[PDB]
Amino acid sequence: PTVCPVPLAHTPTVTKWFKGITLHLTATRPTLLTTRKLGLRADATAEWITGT
Amino acid sequence: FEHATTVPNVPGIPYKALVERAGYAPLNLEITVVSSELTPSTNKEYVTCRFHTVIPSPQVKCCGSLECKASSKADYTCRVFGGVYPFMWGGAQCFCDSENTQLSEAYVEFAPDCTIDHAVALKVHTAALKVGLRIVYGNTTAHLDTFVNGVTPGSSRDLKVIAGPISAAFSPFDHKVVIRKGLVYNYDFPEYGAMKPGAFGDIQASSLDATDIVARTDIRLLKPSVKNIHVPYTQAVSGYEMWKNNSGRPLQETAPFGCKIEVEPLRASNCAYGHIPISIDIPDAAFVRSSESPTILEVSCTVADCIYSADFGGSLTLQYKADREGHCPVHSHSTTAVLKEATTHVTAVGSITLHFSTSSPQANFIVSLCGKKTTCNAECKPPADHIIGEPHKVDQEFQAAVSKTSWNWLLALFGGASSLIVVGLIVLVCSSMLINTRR
Amino acid sequence: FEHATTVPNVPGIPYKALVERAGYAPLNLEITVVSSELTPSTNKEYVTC
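Residues numbered from 1 in each chain as written, not as in the entry; some residues may be left out. Chains lettered and ligands numbered in written order. Part of a larger assembly, values for the part shown. Heavy atoms only, no water.

- cryo-EM is the method the PDB entry lists for this structure, together with a resolution of 3.4 Å.

Focus: the overall build of chain B
- Helix and strand counts for chain B stand at two helices and 29 strands.
- For a compact globule of 439 residues, the expected C-alpha radius of gyration is about 22 Å, and chain B comes in at 38 Å, more than 25% above that figure.
- When the backbone C-alpha atoms are referred to their principal axes, chain B occupies close to 130 × 75 × 40 Å.
- The buried share of chain B, reckoned over its 439 residues, is 39%.
- Sequence-distant contacts in chain B: of pairs separated by 6 or more residues, those separated by 24 or more amount to 67%.
- In the form shown here, chain B has an accessible surface area of approximately 23,400 Å², with 56% of it arising from carbon and sulfur atoms.
- Distance between charge centres in chain B, computed from 36 positive and 40 negative side chains, equals 4 Å. (Helix = DSSP H or I, 4+ residues; strand = E, 2+ residues; numbered from the N terminus. Rg over C-alpha atoms; globule rule 2.2 N^0.38 Å. Buried < 20%, exposed > 50% of the residue type's maximum accessible area, 1.4 Å probe, protein only. Contact = heavy atoms within 4.5 Å. Areas by Shrake-Rupley, 256 points an atom, 1.4 Å probe, with all protein chains shown as cover. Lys, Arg positive; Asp, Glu negative; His and termini not counted. Charge placed at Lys NZ, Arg CZ, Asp CG, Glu CD.)

Regarding the interface of chain C and chain B
- With four residues of chain C in contact, the opposing surface of chain B contributes eight residues.
- Together chain C and chain B conceal approximately 370 Å² of surface at their shared face, both sides included; 59% is due to carbon and sulfur atoms.
- Its largest share of buried area at the contact with chain B, chain C owes to C:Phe1, C:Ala22 and C:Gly23, together 86% of the area lost on that side.
- There are zero salt bridges connecting chain C and chain B.
- The interface formed by chain C and chain B contains zero residue pairs in polar contact. (Buried area = accessible area lost by both parts, 1.4 Å probe. Salt bridge = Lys/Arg side-chain N within 4 Å of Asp/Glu carboxyl O. Polar contact = N/O pair within 3.5 Å; in protein donor to acceptor, adjacent residues only side chain to side chain.)

Focus on the interface of chain B and chain A
- Tallying the contact residues gives twelve residues for chain B and 15 residues for chain A.
- Summed over both partners, the interface of chain B with chain A comes to about 1,100 Å²; 63% of that surface belongs to carbon and sulfur atoms.
- Sorting the residues of chain B by area buried against chain A places B:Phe257, B:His386 and B:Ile387 first, and these three jointly supply 43% of that buried surface.
- Taken together, the connections running from chain B to chain A amount to four residue pairs in polar contact.

Let's talk about the side chain of B:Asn100
Residue and element names in this part refer to chain B.
- With respect to the helices and strands, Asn100 occurs in the loop between β7 (74-81) and β8 (102-110).
- Of the residues examined, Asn100 reaches a relative accessible area of 0% and is grouped as buried.
- Polar contacts involving the side chain of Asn100 include one to the main-chain carbonyl oxygen of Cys62, which spans 2.5 Å.
- Of the polar contacts made by the side chain of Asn100, one reaches the backbone nitrogen of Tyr85; its length is 3.1 Å.

Observations regarding the packing of aromatic side chains
Residue and element names in this part refer to chain B.
- Enumeration over the complete set of coordinates arrives at 14 aromatic pairs over all chains.
- With a centroid separation of 5.6 Å and an interplanar angle of 80°, the aromatic rings of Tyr85 and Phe87 are classed as edge-to-face.
- Overall, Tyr85 belongs to the partly exposed group, its relative accessible area being 32%.
- Arranged with centres 5.3 Å apart and planes meeting at 35°, the rings of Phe356 and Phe365 form a pair that is tilted. In terms of burial, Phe356 and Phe365 fall into one category: buried. (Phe/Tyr/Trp six-rings, centres within 6.5 Å; stacked < 30°, edge-to-face > 60°.)

Overview of the arrangement of the chains
- Counting contacts across all two pairs of chains that touch, the top-ranked interface belongs to chains A and B.
- What separates chain A from chain C at the closest point of their C-alpha atoms is a distance of 13 Å, and the two make no contact.

Notes on the side chain of B:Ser156
Residue and element names in this part refer to chain B.
- Along the polypeptide, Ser156 turns up in strand β12 (residues 153-156).
- Under the relative-accessibility criterion, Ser156 is labelled buried at 11%.
- In contact with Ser156, not counting residues within four places along its chain, are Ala142 and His143.

Structural notes on the environment of C:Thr5
All names here are of chain C.
- Mapped onto the elements of the fold, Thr5 is located in the segment before β1 (15-19).
- Along the backbone, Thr5 and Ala17 are twelve residues apart, and their C-alpha atoms lie at a distance of 8.3 Å.
- Ignoring anything within four residues of it in the chain, the contact list for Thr5 reads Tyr15 and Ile31.

Quick look at the UniProt feature "disulfide bond" in chain B
All names here are of chain B.
- Agreement with UniProt is obtained for the disulfide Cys63 to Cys96: its S-S length of 2.0 Å falls short of 2.5 Å. With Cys63 in the loop between β6 (59-60) and β7 and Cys96 in the loop between β7 and β8, this residue pair connects regions lying 33 residues apart in the sequence.
- Under the relative-accessibility criterion, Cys63 is labelled partly exposed at 30%.
- Of the UniProt disulfides, the one joining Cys259 and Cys271 is intact in these coordinates, the sulfur pair sitting 2.0 Å apart. Taken together, the residues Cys259 in the loop between α1 (239-245) and β20 (260-262) and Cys271 in the loop between β21 (267-269) and β22 (275-281) connect sequence positions twelve residues apart. (Disulfide = S-S within 2.5 Å. UniProt positions renumbered as here; feature names shortened; annotations may be inferred.)

Let's talk about the state of the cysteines
Residues and elements named next belong to chain B.
- Enumeration over the complete set of coordinates arrives at seven disulfides over all chains.
- Here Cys63 is linked by a disulfide to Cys96, with a sulfur-sulfur distance of 2.0 Å. Because the torsion about its S-S bond is -85°, the bridge between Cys63 and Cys96 counts as left-handed.
- The residue that forms a disulfide with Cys306 is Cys380, at a sulfur-sulfur distance of 2.0 Å. Measuring handedness by torsion sign, the sulfur bridge of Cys306 and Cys380 sits at about -115° and is left-handed.

Quick look at the structure:
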């Protein structure tokens, strides 16, 4: 084992709205986005995103 | 003195309470769950990884016969073939064109790189929740790690506390768990000995170095057709790789209640759920009798602009008249409002400005200053923002969650019907009585 | 903190408002239209003399 360098994606732009957010995301290469709620139901979602 | 309360298991959110001993002056008590650790008890059933299908060099009984022995290797497979007459490099290996049998032998072992890239299969049992608590009373703060079961007491050198049980037990881990390079998955792996080829746990062992490896990889040997010596075989793909491709996201990205999964040992830290009943024996030494504490004479509340949000978006002022200079404790006596400051310097006569956060549309709550209670009446507007990076510090109830305008309209609309049916009953009774009297 | 106002478009006359965040003291906001130019979309058709 050792330490490998990995890239950091462009920081997303978050736009708020009543009980909701909109992440404008830019990633030249497939970047993983994983979201989950903090309640009884995780409602976990995972997606590999490309482009903008 | 012993006091009982119910602290909400949400890390980082202080919970404030007032202990009002009759003889003594009231005292503050703020409790924070600095960290929690929901850890189960686990036993390792086996480890699995890529198998190395090792093939021993074939043997030929040159002009005789061979019989398949019974070894105890992992997924051992031995077959015997008839006359082969094999070639290696010199154009011949034997002297009998027939009755020249060959023994094809094959089995599996652990791959050399399995010491890092291997998965461990575990079963979980009832999990015990441990909490680190920072608790402050008056002047004294105390850090203590305790078990939330209602029996095991935590202690800090004068302070005894018992915590729990949790109102509703919960475990993010299913019965069967798999750990791979720190990642945790809830996979219903096959039991030890129930190997199935082409799926997870097709090769199993108690440890990487254990020699009693058992596997079922569906390896089968075929008749050698080519003239040159070689042992053919076909085998199902490694089920470890199949699960690795179709593993899915780990439990670090799927556990609910914001539960941070961790390994070595398996645990779930900073997990926010439920309420912890805590009974605490606060020592009487820290308590200060009312005869020496400044008991304020006359205090009133004037509330500035307020808003119901997670952040401290409310302000108010307490105009007080007291008899001495001291360190009076201020508190809120409602479940839908929490102050920022705990102990405030009180003078002979003056004012103190304080902050508060509420969940109700209307601030209709009693504030207490050195025991003296005053009802603050306000009207908090909806928050301007939509999202915050901070948790809501107070639960939203049903009773104190609707404005007094809505309450007045609803009560008027319902009391109209109630008074109308009452008036109808009264009218019927009066008519009957008038009929009876004038009959 | 986003504050929305309707400033009258009158150069040289300041418009004053008070922003009142709930948990924080009010602040003063003076907006003055120092200059304002309205420029149309233009394209020369021709010249003459």
